[PDB]
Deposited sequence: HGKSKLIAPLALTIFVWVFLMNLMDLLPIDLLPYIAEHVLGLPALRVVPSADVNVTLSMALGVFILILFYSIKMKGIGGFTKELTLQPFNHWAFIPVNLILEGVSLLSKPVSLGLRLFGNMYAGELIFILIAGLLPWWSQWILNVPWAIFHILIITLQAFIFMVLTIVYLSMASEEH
């Protein structure tokens, strides 16, 4: 129906999703600046569930964008995008839990020392999957 019409919302959705991944990394990095308690156990134990919660939240955000698109319409193109997300989503969740635990173990000051490597590594893996998705979408549109 509309060229620039459909393009504006679709473009917005892709940008937000990439931002969302960055946002997940941002929440933990932001948290370290301000410390309070650290008994080794509770701290690390609390973090593992928190990471799981963040991944679930990202999935929810994607669902919200799709529902909005349907509402605007009146008063596959979507199937492929979903598939890419699933592959990346599975890898990111595994990476976040495994990377965080490993980072803490190698050093002594799991606090800041664990956070710098754990945060950077998780973001890189998710980005790589996302990059693959971007190339596929561009090729389709010609």
| query | finding |
| --- | --- |
| Non-modelled portions of the deposited polymer sequence, in sequence order | 76 to 104, 172 to 177 |
